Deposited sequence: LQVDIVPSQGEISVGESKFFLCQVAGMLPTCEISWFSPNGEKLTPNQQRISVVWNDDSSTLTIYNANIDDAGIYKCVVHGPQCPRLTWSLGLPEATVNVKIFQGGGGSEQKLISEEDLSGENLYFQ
């Protein structure tokens, strides 16, 4: 398992719209991708200004660009999903959005 936010650098300008994909290599059938805002609230595909978009092994965040919109974290989790990556790392990725 390996988790990476495809636009590793979150650098946006006010009024712009951003797309941050979270891709998972080695996705296992028992795993699930979940995005989380800096506040800590679990984002869902309900299409507020900031929402998400699912795929079998990738979930695309869609951040607009308020100066107060800023660190978002993608997490891979599941009952039979591995708690460690191939590199004995934690199965999560982070992108720091800087407006």
query: Deposited sequence positions missing from the model - stretches, numbered from 1, in order; finding: 64, 72, 102 to 126
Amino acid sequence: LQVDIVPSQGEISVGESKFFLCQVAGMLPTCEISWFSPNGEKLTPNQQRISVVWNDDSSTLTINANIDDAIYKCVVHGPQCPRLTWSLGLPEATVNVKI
From here on, numbers count along this sequence of modelled residues.
{"property": "Segment of higher mean CA temperature factor, 82 to 90 or 6 to 14", "result": "6 to 14"}
{"property": "Between the two ranges 22 to 30 and 35 to 43, the one averaging a larger CA B factor in the entry", "result": "35 to 43"}
{"property": "For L1, the third of its chain into which the C-alpha B factor falls", "result": "lowest"}
